[PDB]
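Report on the following structure.
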Amino acid sequence: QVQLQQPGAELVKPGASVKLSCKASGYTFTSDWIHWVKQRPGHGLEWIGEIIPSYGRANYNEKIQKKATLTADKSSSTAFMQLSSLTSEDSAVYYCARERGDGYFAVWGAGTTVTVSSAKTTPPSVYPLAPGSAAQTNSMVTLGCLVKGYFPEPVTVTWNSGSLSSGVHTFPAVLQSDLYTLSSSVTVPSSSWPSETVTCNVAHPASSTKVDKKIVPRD
Amino acid sequence: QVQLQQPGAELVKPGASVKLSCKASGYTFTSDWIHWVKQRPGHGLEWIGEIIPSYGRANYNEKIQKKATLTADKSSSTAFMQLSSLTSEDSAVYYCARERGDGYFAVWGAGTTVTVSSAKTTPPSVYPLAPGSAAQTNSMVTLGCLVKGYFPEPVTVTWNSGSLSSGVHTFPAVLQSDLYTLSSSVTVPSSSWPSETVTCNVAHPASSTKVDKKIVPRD
Amino acid sequence: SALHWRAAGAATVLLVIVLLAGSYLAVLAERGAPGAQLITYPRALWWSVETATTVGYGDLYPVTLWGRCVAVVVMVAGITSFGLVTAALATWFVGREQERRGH
Amino acid sequence: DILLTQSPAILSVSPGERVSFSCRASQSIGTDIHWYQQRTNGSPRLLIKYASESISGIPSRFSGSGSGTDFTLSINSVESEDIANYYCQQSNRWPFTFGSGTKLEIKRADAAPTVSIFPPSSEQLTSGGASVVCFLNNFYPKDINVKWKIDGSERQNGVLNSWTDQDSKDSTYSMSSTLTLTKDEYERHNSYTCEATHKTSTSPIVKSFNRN
Ligand SMILES: CCCCCCCCCCCC(=O)OC[C@H](CO)OC(=O)CCCCCCCC
Ligand SMILES: CCCCCCCCCO
Ligand SMILES: [K+]
Ligand SMILES: [K+]
Ligand SMILES: [K+]
Ligand SMILES: [K+]
């Protein structure tokens, strides 16, 4: 089972602060240290700091401006990172990781995408993408779904609740007018659709929404 | 209160020698070391040597010609540096600093400006600088004082015994014919002068003189 | 209290005095020697302890004649002091065994 | 002897921006590095000790980091008062040594100079001397030119100029220009003018007065 659970995203207004969480399960020892790592889009991993739950002591990266404060709750086995007075420079994915006191990060959380903006949260509109009646098919057919007008990142797109993985391409989102838009592509044997259903599931953590959209042939 | 007190200046004829002093106050421990640092105008800090008062032992920078001899008086809590057979190369500001035996200089003296020259000491002439009767004023008025014909450096210029700090500019001295000259500028709300007095105080350590010059409008 | 216990206590006090004095003297002896590292009191106290216990990590050590002389005094004091504690323990054990034997 | 290299020697930054000073030691010195700030005409002031330890009284704005041979002094959101020379110093091995220093310069908005001209004082004239002083205050950039004119004709003899270093109050520069003449020379001339040419204006700023 998932050893470290982190919320998918957090929207924060410039100047404000937020508290990220990391719930841990599995074996736990007094020698365990929980680390936090920051990663800007397209860039490398940057160590933020660490905390030892069994004692409550925390250390931080001296090379960077201290934006975080680490704490931990033993009873709920949860580690927290308080990021305060954030700016767009603080927008990034923040990972928590577990170290058994022996130097390496055996396991990582899925990461929390933090976006520092004044814009407002907006769930996405999911539209189906089916071939036109003039489109000829081969042994395979390509379908998809358009996810537009959402904010902030990210959105997780799966096909048939995740059972359909092969032949799937989800494109990077494009930002325009304080709203993101992306599409996902799925290819299946032409002989299997629409006999066998194909649906896309779109999750938007920031708005706590997840919607499904079945892909059926055009009228 | 000032922890390390040093004389403002010392004029020395080439070939002669001088004894600089550094009177210390505040907490004193057997682990205290008094250091001397030399700084030529426009250049960096150069370590000269150190002495431990509680024992009388002194060490010196091996990379430079030994011009100094360090001693200390426990009863008067004063450290001394004897500079001998000086040349123009020895002209500089000499600072004393206190180290609690842990590696850093927690506090520094104001420094003693040593000038090696054959020229004679000369107190400065302080003249007022007030606008002409044709000068138009805005919300602010600029006044000043001319300090010329002094030797050697330096001179300390303050306004209204130091109570007037903002809007003050004291220019670097210019040397010509064995005499220095400089001016200081002060700007105050035009509506406050001459209703509220403005006076410049000029101190010349080398001649043990300090004079005041009130700035009043021209006849 | 018995002699061995008094001697042990005394040895401990004397060792503490030697560690403090050694630290002060080590800095005094080493400053002035290019390259020396035993030159600030906090780490010199740490050096005196790892020397008295004879651990000698090698992170710090004297390079001058007088610093090394100070070092030998610290070493001997530590070795003798801890050895004296051992001697006191043996005396305590010997006495207890004599009693246990009804001698 | 440990050599401390501070490069670059000059750091130019804009107001509110984050700046970092570098200090590289010729050999490993753990965290035995200390930082000092020295403003124009002031004595050094300890900012950070043992590479990262805060000093009471120093703005939280200042921080330090590093160990071994590479050290950094950082200022979060620089302001005018930070303009000064910064030096590192090591205490790992005897003798203690200092880095060569790094100067912090701030790039602010351009500003035209405030020009003021002052006739010689009566007290000075009495001593047979005459000094006409001109102040070109609080301008930026530092590049500036001053021109003297007596009775309409450019004068060059007897003029001495002095420029201040960047001001830790508003990040501007100032310059003084002094025309010194004998009382006699001063007596046989009517008007004196000071003209300042700065990039903030294609036209020179002129100030003058008539002896009468
Ligand atoms: C053959 C038997 C061995 C004889 C050794 C020579 C006599 C001892 C010291 C001479 C000092 C000198 O003139 O040199 C000091 C030296 C100067 O460079 O620095 C040194 O630091 C060497 C110090 C040696 C410390 C020994 C401590 C013993 C408790
Ligand atoms: C135990 C040896 C004497 C104390 C150290 C003296 C150092 C004098 C200066 O070199
Ligand atoms: K060893
Ligand atoms: K060793
Ligand atoms: K070793
Ligand atoms: K080694």
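FYI, nothing fancy with the structure tokens labels: chains A, B, ... in order, residues from 1 per chain, ligands from 1 as they appear.
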Moved coordinates, chain B onto chain A, all Cα atoms, as a short mmCIF file (atom, residue, chain, number, x, y, z; two decimals) with C-alpha atoms, in the first residue's frame:
```cif
data_model
loop_
_atom_site.label_atom_id
_atom_site.label_comp_id
_atom_site.auth_asym_id
_atom_site.auth_seq_id
_atom_site.Cartn_x
_atom_site.Cartn_y
_atom_site.Cartn_z
CA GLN B 1 0.00 0.00 0.00
CA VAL B 2 0.98 3.66 -0.51
CA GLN B 3 3.56 4.52 2.15
CA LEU B 4 3.35 8.34 1.87
CA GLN B 5 0.07 10.13 1.04
CA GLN B 6 0.12 13.77 -0.08
CA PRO B 7 -2.73 16.03 -1.31
CA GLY B 8 -2.67 16.53 -5.07
CA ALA B 9 -2.63 20.32 -5.14
CA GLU B 10 -2.87 23.59 -3.24
CA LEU B 11 -3.72 27.04 -4.60
CA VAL B 12 -2.19 29.92 -2.63
CA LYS B 13 -2.59 33.68 -3.03
CA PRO B 14 0.71 35.60 -3.11
CA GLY B 15 1.76 36.63 0.38
CA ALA B 16 -0.39 33.97 2.03
CA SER B 17 0.79 30.65 3.47
CA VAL B 18 -0.18 26.98 3.27
CA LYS B 19 0.38 23.79 5.25
CA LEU B 20 1.26 20.67 3.25
CA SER B 21 0.73 17.23 4.77
CA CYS B 22 2.27 13.79 4.31
CA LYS B 23 0.50 10.83 5.93
CA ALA B 24 2.73 7.78 6.35
CA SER B 25 1.90 4.09 6.73
CA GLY B 26 3.85 0.83 6.65
CA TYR B 27 6.72 0.10 9.06
CA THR B 28 7.75 3.02 11.27
CA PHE B 29 10.93 3.28 13.35
CA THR B 30 12.44 5.80 15.76
CA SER B 31 15.27 6.22 13.24
CA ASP B 32 12.91 7.46 10.51
CA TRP B 33 13.40 10.90 8.99
CA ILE B 34 10.85 12.62 6.74
CA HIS B 35 12.35 14.83 4.04
CA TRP B 36 10.81 17.49 1.80
CA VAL B 37 12.04 18.12 -1.73
CA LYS B 38 11.05 20.92 -4.10
CA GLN B 39 10.93 20.63 -7.89
CA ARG B 40 10.08 23.48 -10.25
CA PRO B 41 8.54 22.46 -13.58
CA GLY B 42 11.24 21.27 -15.96
CA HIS B 43 13.97 21.58 -13.32
CA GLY B 44 15.83 19.39 -10.84
CA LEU B 45 15.26 18.23 -7.27
CA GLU B 46 16.06 20.65 -4.44
CA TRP B 47 16.31 19.50 -0.81
CA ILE B 48 14.25 21.68 1.55
CA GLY B 49 14.69 20.09 4.95
CA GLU B 50 14.09 17.12 7.21
CA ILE B 51 12.40 16.22 10.47
CA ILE B 52 12.73 13.23 12.80
CA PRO B 53 9.23 12.40 14.14
CA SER B 54 10.50 10.38 17.12
CA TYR B 55 12.14 13.53 18.48
CA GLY B 56 10.62 16.51 16.64
CA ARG B 57 13.95 18.00 15.54
CA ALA B 58 14.07 19.64 12.09
CA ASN B 59 16.95 20.88 9.92
CA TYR B 60 16.80 23.08 6.81
CA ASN B 61 18.76 23.80 3.63
CA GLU B 62 20.96 26.81 4.50
CA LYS B 63 21.55 27.80 0.87
CA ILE B 64 17.96 28.91 0.23
CA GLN B 65 15.52 31.41 1.76
CA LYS B 66 13.70 29.64 4.59
CA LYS B 67 10.05 29.42 3.54
CA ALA B 68 9.23 26.19 5.36
CA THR B 69 8.63 25.09 8.95
CA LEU B 70 8.46 21.36 9.64
CA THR B 71 6.37 19.61 12.28
CA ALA B 72 5.08 16.08 12.81
CA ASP B 73 2.19 14.40 14.61
CA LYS B 74 3.12 11.02 16.09
CA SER B 75 -0.43 9.85 16.82
CA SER B 76 -1.63 10.43 13.25
CA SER B 77 1.75 9.51 11.74
CA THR B 78 1.61 12.72 9.71
CA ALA B 79 4.40 15.14 8.82
CA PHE B 80 3.65 18.76 7.93
CA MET B 81 5.41 21.56 6.07
CA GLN B 82 4.24 25.13 6.60
CA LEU B 83 5.17 27.32 3.62
CA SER B 84 4.62 31.01 4.39
CA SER B 85 4.58 34.34 2.54
CA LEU B 86 4.81 32.65 -0.85
CA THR B 87 5.43 34.17 -4.27
CA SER B 88 5.34 32.72 -7.80
CA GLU B 89 8.91 31.56 -7.15
CA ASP B 90 7.42 29.12 -4.65
CA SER B 91 5.14 27.51 -7.24
CA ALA B 92 6.32 23.92 -7.67
CA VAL B 93 5.76 20.28 -6.82
CA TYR B 94 6.72 19.48 -3.22
CA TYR B 95 7.55 15.86 -2.42
CA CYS B 96 7.87 14.22 0.96
CA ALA B 97 10.16 11.22 1.24
CA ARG B 98 11.07 8.71 3.91
CA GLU B 99 14.64 7.91 4.95
CA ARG B 100 15.38 5.11 7.43
CA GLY B 101 18.35 7.05 8.83
CA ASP B 102 20.70 5.37 6.39
CA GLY B 103 21.05 8.08 3.74
CA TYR B 104 18.71 7.24 0.87
CA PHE B 105 15.07 7.96 0.13
CA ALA B 106 13.51 4.51 -0.02
CA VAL B 107 10.07 5.92 -0.82
CA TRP B 108 8.50 9.14 -2.09
CA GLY B 109 5.05 10.68 -1.96
CA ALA B 110 3.17 11.53 -5.17
CA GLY B 111 3.89 15.19 -4.54
CA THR B 112 1.71 18.23 -4.00
CA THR B 113 1.54 20.75 -6.83
CA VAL B 114 1.52 24.19 -5.22
CA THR B 115 0.47 27.15 -7.35
CA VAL B 116 0.86 30.71 -6.11
CA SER B 117 -1.67 32.87 -7.98
CA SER B 118 -4.51 35.34 -7.47
CA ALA B 119 -6.66 33.54 -10.04
CA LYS B 120 -9.63 31.50 -8.85
CA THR B 121 -10.07 27.73 -8.81
CA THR B 122 -12.04 26.42 -11.79
CA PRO B 123 -13.08 22.83 -12.50
CA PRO B 124 -12.50 21.60 -16.08
CA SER B 125 -15.06 21.00 -18.82
CA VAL B 126 -14.58 17.56 -20.37
CA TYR B 127 -15.70 17.15 -23.98
CA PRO B 128 -15.57 13.93 -26.02
CA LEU B 129 -13.44 13.53 -29.14
CA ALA B 130 -14.88 11.05 -31.64
CA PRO B 131 -14.09 10.70 -35.37
CA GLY B 132 -16.25 12.42 -37.97
CA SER B 133 -18.55 10.33 -40.15
CA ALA B 134 -16.15 10.79 -43.08
CA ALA B 135 -13.09 9.48 -41.24
CA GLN B 136 -11.95 6.08 -42.51
CA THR B 137 -10.58 3.58 -40.00
CA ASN B 138 -7.80 0.99 -40.02
CA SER B 139 -7.19 -1.82 -37.55
CA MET B 140 -7.09 0.90 -34.88
CA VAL B 141 -9.24 3.89 -33.99
CA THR B 142 -8.17 7.00 -32.07
CA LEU B 143 -10.46 8.68 -29.55
CA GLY B 144 -9.89 11.28 -26.86
CA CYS B 145 -11.19 13.94 -24.51
CA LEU B 146 -10.70 17.68 -24.34
CA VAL B 147 -10.16 19.12 -20.86
CA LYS B 148 -10.31 22.92 -20.92
CA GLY B 149 -10.88 25.95 -18.74
CA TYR B 150 -9.40 24.60 -15.52
CA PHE B 151 -7.16 26.09 -12.85
CA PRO B 152 -4.80 25.48 -11.27
CA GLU B 153 -2.79 22.47 -12.41
CA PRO B 154 -2.91 19.57 -12.40
CA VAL B 155 -5.54 17.15 -13.68
CA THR B 156 -5.16 13.37 -13.86
CA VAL B 157 -6.70 11.66 -16.88
CA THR B 158 -7.27 7.91 -17.00
CA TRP B 159 -9.19 5.66 -19.39
CA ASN B 160 -11.83 3.19 -18.22
CA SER B 161 -11.02 3.86 -14.57
CA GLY B 162 -7.40 3.04 -15.28
CA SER B 163 -7.99 -0.40 -16.79
CA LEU B 164 -7.11 0.99 -20.23
CA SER B 165 -3.44 2.05 -20.21
CA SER B 166 -1.75 1.09 -23.48
CA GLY B 167 -2.11 3.49 -26.39
CA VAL B 168 -2.75 6.51 -24.18
CA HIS B 169 -1.18 9.96 -24.62
CA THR B 170 -2.04 12.92 -22.39
CA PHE B 171 -0.60 16.20 -23.66
CA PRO B 172 0.99 18.91 -21.48
CA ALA B 173 -1.48 21.66 -20.57
CA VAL B 174 -1.39 25.07 -22.25
CA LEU B 175 -2.06 28.24 -20.27
CA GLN B 176 -4.11 31.09 -21.72
CA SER B 177 -6.16 33.73 -19.91
CA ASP B 178 -5.69 32.20 -16.44
CA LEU B 179 -7.05 28.82 -17.56
CA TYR B 180 -5.44 25.55 -18.62
CA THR B 181 -6.42 23.23 -21.46
CA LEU B 182 -5.22 19.78 -22.49
CA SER B 183 -6.35 16.70 -24.38
CA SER B 184 -5.75 13.01 -23.90
CA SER B 185 -5.57 10.43 -26.67
CA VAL B 186 -6.44 6.75 -26.59
CA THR B 187 -6.14 4.18 -29.37
CA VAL B 188 -7.93 0.81 -29.38
CA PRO B 189 -8.68 -1.86 -31.99
CA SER B 190 -11.32 -0.40 -34.31
CA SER B 191 -13.29 -3.63 -33.97
CA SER B 192 -13.62 -3.18 -30.19
CA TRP B 193 -15.35 0.22 -30.25
CA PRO B 194 -18.11 1.11 -29.67
CA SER B 195 -18.94 -2.52 -28.83
CA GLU B 196 -16.64 -2.28 -25.82
CA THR B 197 -17.11 0.99 -23.94
CA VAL B 198 -14.37 3.64 -23.69
CA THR B 199 -14.64 6.39 -21.07
CA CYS B 200 -12.16 8.98 -19.81
CA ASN B 201 -11.98 9.91 -16.13
CA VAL B 202 -10.76 13.40 -15.27
CA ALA B 203 -9.71 14.28 -11.73
CA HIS B 204 -9.03 17.86 -10.65
CA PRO B 205 -7.59 17.80 -7.08
CA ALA B 206 -7.78 21.58 -6.59
CA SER B 207 -11.57 21.54 -6.99
CA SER B 208 -12.09 18.10 -5.42
CA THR B 209 -13.86 17.01 -8.60
CA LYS B 210 -13.67 13.92 -10.78
CA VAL B 211 -15.93 13.44 -13.78
CA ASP B 212 -16.40 10.77 -16.43
CA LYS B 213 -17.18 11.18 -20.12
CA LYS B 214 -18.14 8.19 -22.25
CA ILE B 215 -16.87 8.33 -25.83
CA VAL B 216 -19.60 7.33 -28.28
CA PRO B 217 -19.78 7.66 -32.07
CA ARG B 218 -21.25 10.89 -33.46
CA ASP B 219 -24.98 10.83 -34.29
#
```
For ligand 1, return the neighbouring residues as a compact mmCIF listing (two decimals) with N, CA and C atoms, in the first residue's frame (distance at most 6 Å; only C-alpha atoms and all ligand atoms).
```txt
# COMPACT_ATOMS: atom_id res chain seq x y z
N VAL C 63 51.28 21.21 17.04
CA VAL C 63 52.41 21.13 16.12
C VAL C 63 53.66 21.75 16.73
N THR C 64 53.51 22.48 17.83
CA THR C 64 54.67 23.12 18.47
C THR C 64 55.22 22.33 19.65
N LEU C 65 56.46 22.65 20.03
CA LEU C 65 57.11 21.99 21.16
C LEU C 65 56.33 22.13 22.47
N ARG C 68 52.94 20.33 22.41
CA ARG C 68 53.11 18.90 22.55
C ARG C 68 53.43 18.56 24.00
N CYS C 69 54.19 19.42 24.67
CA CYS C 69 54.50 19.19 26.08
C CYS C 69 53.19 19.26 26.87
N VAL C 72 51.36 16.03 26.42
CA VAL C 72 51.85 14.90 27.22
C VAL C 72 51.33 14.97 28.66
```
Worksheet item: Within 8 Å of chain A, which residues of chain D show up when using only C-alpha atoms, listed as number ranges by chain?
Response: D: 52, 64-66, 76
Worksheet item: C:46, C:92, C:57, C:41: which is nearest chain D, counting only C-alpha atoms?
Response: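 Of the candidates, the smallest distance to chain D is held by C:41.
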Please find the residues contacting ligand 2 at a distance of at most 7 Å between atoms, with only C-alpha atoms and all ligand atoms counted, and report them as a short mmCIF file (atom, residue, chain, number, x, y, z; two decimals) with N, CA and C atoms, in the first residue's frame.
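Now in out14.cif:
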```
data_model
loop_
_atom_site.label_atom_id
_atom_site.label_comp_id
_atom_site.auth_asym_id
_atom_site.auth_seq_id
_atom_site.Cartn_x
_atom_site.Cartn_y
_atom_site.Cartn_z
N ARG B 57 51.60 37.54 25.76
CA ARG B 57 52.16 36.94 24.55
C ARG B 57 51.59 37.60 23.29
N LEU C 25 46.48 26.73 27.78
CA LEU C 25 47.90 26.69 27.43
C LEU C 25 48.17 26.21 26.02
N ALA C 26 47.32 25.32 25.51
CA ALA C 26 47.48 24.81 24.16
C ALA C 26 47.28 25.94 23.15
N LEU C 28 47.66 29.10 23.73
CA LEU C 28 48.78 30.00 23.96
C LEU C 28 50.03 29.51 23.24
N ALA C 29 50.27 28.21 23.32
CA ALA C 29 51.44 27.62 22.68
C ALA C 29 51.34 27.51 21.16
N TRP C 66 55.95 23.35 22.81
CA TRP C 66 55.21 23.57 24.05
C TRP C 66 53.79 23.01 24.00
N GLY C 67 53.17 23.02 22.82
CA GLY C 67 51.83 22.46 22.70
C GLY C 67 51.88 20.95 22.91
N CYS C 69 54.19 19.42 24.67
CA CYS C 69 54.50 19.19 26.08
C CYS C 69 53.19 19.26 26.87
N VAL C 70 52.35 20.24 26.55
CA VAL C 70 51.07 20.38 27.22
C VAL C 70 50.28 19.09 26.97
#
```
Practice prompt. List all protein, DNA and RNA residues that have any atom at most 8 Å from ligand 3, counting only C-alpha atoms and all ligand atoms, and write the list as a list in words.
Written response: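 The neighbouring residues of ligand 3 are, in order, residues 54, 55, 56, 57 and 58 of chain C.
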Discussion item. Please check the contacts: residues of chain D at most 9 Å away from chain C, using only C-alpha atoms, listed as number ranges by chain.
Written reply: D: 1-2, 91-95
Worksheet item: Running DSSP on the backbone, which parts of region 6-68 of chain B land in strand (DSSP E), as a ChimeraX atom specification?
Response: /B:9-12,18-24,33-39,45-52,57-60,68
I need the chosen residues saved as a compact mmCIF listing (two decimals), in the first residue's frame, with N, CA, C and O atoms.
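Output contents, as saved in result-v6.txt:
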```
# COMPACT_ATOMS: atom_id res chain seq x y z
N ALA B 9 43.66 60.27 15.29
CA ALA B 9 44.75 60.37 14.33
C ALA B 9 46.12 60.59 14.97
O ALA B 9 46.23 60.97 16.13
N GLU B 10 47.16 60.33 14.18
CA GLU B 10 48.54 60.49 14.61
C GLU B 10 49.37 60.91 13.41
O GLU B 10 49.32 60.26 12.36
N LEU B 11 50.11 62.00 13.55
CA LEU B 11 50.98 62.48 12.47
C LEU B 11 52.39 62.05 12.85
O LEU B 11 52.84 62.30 13.96
N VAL B 12 53.08 61.40 11.92
CA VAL B 12 54.43 60.92 12.19
C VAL B 12 55.41 61.28 11.08
O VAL B 12 55.12 61.09 9.90
N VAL B 18 55.69 55.80 16.47
CA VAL B 18 54.53 56.23 17.24
C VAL B 18 53.91 55.05 17.99
O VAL B 18 54.05 53.90 17.58
N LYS B 19 53.23 55.34 19.08
CA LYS B 19 52.59 54.31 19.89
C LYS B 19 51.08 54.51 19.89
O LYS B 19 50.58 55.47 20.47
N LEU B 20 50.36 53.59 19.24
CA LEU B 20 48.91 53.67 19.19
C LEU B 20 48.33 52.98 20.42
O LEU B 20 48.91 52.02 20.93
N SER B 21 47.18 53.45 20.88
CA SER B 21 46.54 52.86 22.05
C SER B 21 45.11 52.43 21.76
O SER B 21 44.46 52.94 20.85
N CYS B 22 44.62 51.50 22.57
CA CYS B 22 43.28 50.97 22.43
C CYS B 22 42.77 50.64 23.82
O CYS B 22 43.12 49.61 24.39
N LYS B 23 41.95 51.53 24.38
CA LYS B 23 41.39 51.34 25.71
C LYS B 23 40.10 50.53 25.62
O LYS B 23 39.19 50.89 24.88
N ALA B 24 40.04 49.43 26.37
CA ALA B 24 38.88 48.56 26.33
C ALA B 24 38.03 48.60 27.59
O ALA B 24 38.54 48.77 28.70
N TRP B 33 41.70 38.21 23.28
CA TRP B 33 42.86 38.57 22.48
C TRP B 33 42.55 39.89 21.79
O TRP B 33 41.43 40.10 21.31
N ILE B 34 43.52 40.79 21.76
CA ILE B 34 43.35 42.07 21.09
C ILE B 34 44.15 42.02 19.80
O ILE B 34 45.35 41.78 19.82
N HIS B 35 43.47 42.26 18.69
CA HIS B 35 44.08 42.22 17.36
C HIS B 35 44.23 43.62 16.77
O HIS B 35 43.48 44.54 17.13
N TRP B 36 45.18 43.76 15.86
CA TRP B 36 45.42 45.02 15.16
C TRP B 36 45.34 44.73 13.67
O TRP B 36 45.94 43.76 13.19
N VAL B 37 44.59 45.56 12.97
CA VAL B 37 44.37 45.41 11.54
C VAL B 37 44.67 46.71 10.82
O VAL B 37 44.26 47.79 11.26
N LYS B 38 45.39 46.61 9.70
CA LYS B 38 45.77 47.78 8.92
C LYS B 38 44.96 47.88 7.63
O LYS B 38 44.71 46.87 6.97
N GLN B 39 44.54 49.10 7.29
CA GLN B 39 43.78 49.31 6.07
C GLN B 39 44.20 50.59 5.36
O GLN B 39 44.01 51.69 5.87
N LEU B 45 41.47 44.85 4.28
CA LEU B 45 41.92 44.70 5.66
C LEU B 45 43.12 43.76 5.72
O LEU B 45 43.10 42.67 5.14
N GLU B 46 44.17 44.17 6.43
CA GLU B 46 45.37 43.36 6.58
C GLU B 46 45.67 43.11 8.06
O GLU B 46 45.82 44.05 8.83
N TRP B 47 45.74 41.85 8.44
CA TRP B 47 46.01 41.49 9.83
C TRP B 47 47.46 41.78 10.19
O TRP B 47 48.38 41.36 9.49
N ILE B 48 47.68 42.51 11.29
CA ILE B 48 49.03 42.86 11.72
C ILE B 48 49.57 41.92 12.80
O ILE B 48 50.70 41.45 12.72
N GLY B 49 48.75 41.67 13.81
CA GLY B 49 49.17 40.82 14.91
C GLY B 49 48.15 40.78 16.02
O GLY B 49 47.10 41.42 15.95
N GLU B 50 48.47 40.05 17.08
CA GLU B 50 47.57 39.88 18.20
C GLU B 50 48.34 39.78 19.50
O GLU B 50 49.53 39.46 19.50
N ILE B 51 47.66 40.06 20.60
CA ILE B 51 48.26 39.95 21.91
C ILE B 51 47.20 39.46 22.89
O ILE B 51 46.02 39.79 22.74
N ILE B 52 47.60 38.64 23.85
CA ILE B 52 46.67 38.15 24.86
C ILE B 52 47.07 38.84 26.16
O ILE B 52 48.09 38.51 26.77
N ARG B 57 51.60 37.54 25.76
CA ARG B 57 52.16 36.94 24.55
C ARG B 57 51.59 37.60 23.29
O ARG B 57 50.39 37.85 23.21
N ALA B 58 52.46 37.89 22.33
CA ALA B 58 52.04 38.51 21.07
C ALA B 58 52.58 37.77 19.85
O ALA B 58 53.71 37.29 19.86
N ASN B 59 51.76 37.67 18.81
CA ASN B 59 52.15 37.01 17.56
C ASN B 59 51.95 38.00 16.43
O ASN B 59 51.08 38.87 16.51
N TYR B 60 52.74 37.87 15.37
CA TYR B 60 52.69 38.80 14.24
C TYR B 60 52.59 38.14 12.87
O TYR B 60 53.03 37.01 12.68
N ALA B 68 55.44 46.68 13.82
CA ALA B 68 54.78 46.79 15.11
C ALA B 68 55.32 45.92 16.24
O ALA B 68 55.92 44.87 16.02
```
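Relative to CA of residue 34 (chain D), CA of residue 68 (chain D) is found at 13.3 Å.
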Discussion item. Please determine, counting only C-alpha atoms, which residue among C:5, C:51, C:44, C:101 has the shortest atom-to-atom distance to residue 78 (chain C).
Written reply: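 Among the listed residues, the smallest separation from residue 78 (chain C) belongs to C:51.
Between ligand 5 and the candidates C:60, C:49, C:27, C:11, the tightest atom-to-atom separation, counting only C-alpha atoms and all ligand atoms, involves C:60.
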Fill in: helix (DSSP H, G or I) positions in region 65-185 of chain B, given as a list in words
residues 88, 89, 90, 160, 161 and 162 of chain B
Worksheet entry | Coordinates-based distance that separates CA of residue 189 (chain D) from CA of residue 127 (chain D) (Å, one decimal) | 18.6 Å
Discussion item. Just to confirm, what's the straight-line distance from CA of residue 151 (chain D) to CA of residue 133 (chain D) in Å (one decimal)?
Written reply: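 According to the coordinates, CA of residue 151 (chain D) and CA of residue 133 (chain D) are separated by 16.4 Å.
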